[PDB]
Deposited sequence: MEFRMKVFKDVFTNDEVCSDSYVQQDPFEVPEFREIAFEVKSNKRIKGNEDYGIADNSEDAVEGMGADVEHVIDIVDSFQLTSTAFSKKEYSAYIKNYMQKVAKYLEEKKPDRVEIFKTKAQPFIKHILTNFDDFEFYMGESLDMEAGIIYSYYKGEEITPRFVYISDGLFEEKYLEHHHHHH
């Protein structure tokens, strides 16, 4: 029996933070944002918890708007640096397309919750989540250039 799954890992910690079990969508329904980020819908998982958070062992962290600004600046440079070395064809697109995205987050700062990976590394990728309208479960947003994809085809379930 063969098992298939594509996972998404932080390029610094290698933590799994998402999978292809979750359909991707434009962050905040903004097509322009899709170039450097993607959004997925979470659901309730019974003993209830959020499937995304539970499945990938994420942990919510508290940011003040100032603390986050400090973080995101360093992280963007950290990721851009990574791109220069590992994926240079993404360097300018990342820098360019991230501007409106980060501003939208800051501008709507109070709407967001923030999560760390299993490594709890405050220097790595932060997973964003917010509630759309009156929806009961949150939606999670990922900065995709801080991630890499890894396909798995095993004779046992992936863990």
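Enquirer: Just jot down which stretches of the deposited chain sequence have no CA coordinates, in the order they come.
Expert: Counting from residue 1, the stretches without coordinates are 48-70, 183.
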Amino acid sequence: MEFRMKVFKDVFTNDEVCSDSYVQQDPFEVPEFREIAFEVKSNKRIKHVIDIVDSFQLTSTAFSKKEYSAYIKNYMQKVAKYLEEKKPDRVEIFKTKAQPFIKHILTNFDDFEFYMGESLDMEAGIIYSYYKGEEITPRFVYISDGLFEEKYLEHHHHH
From here on, numbers count along this sequence of modelled residues.
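Enquirer: Should the higher mean CA B-factor in the entry be assigned to 60-68 or to 97-105?
Expert: The stretch with the larger average C-alpha B-factor is 60-68.
Enquirer: On average, which has the higher Cα B-factor in the deposited entry, 50-58 or 86-94?
Expert: For C-alpha atoms only, the mean B-factor is higher in 86-94.
Enquirer: Pick out which of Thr137, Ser19, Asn14, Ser144 has the highest C-alpha B-factor in the PDB entry.
Expert: Spelled out: the listed residue with the top C-alpha B-factor is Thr137.
Enquirer: Compared with the other modelled residues in the chain, in which third is the CA B-factor of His157?
Expert: Highest third of the chain for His157's C-alpha B-factor.
Enquirer: Quick check for you: using the entry's CA B-factors within this chain, is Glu35 in the lowest, middle or highest third?
Expert: Tercile = middle for this residue's CA B-factor.
Enquirer: Please say which third, lowest, middle or highest, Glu118 falls into when its CA temperature factor is compared across its chain.
Expert: Its C-alpha B-factor, which the entry lists for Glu118, ranks in the middle third among residues of this chain.
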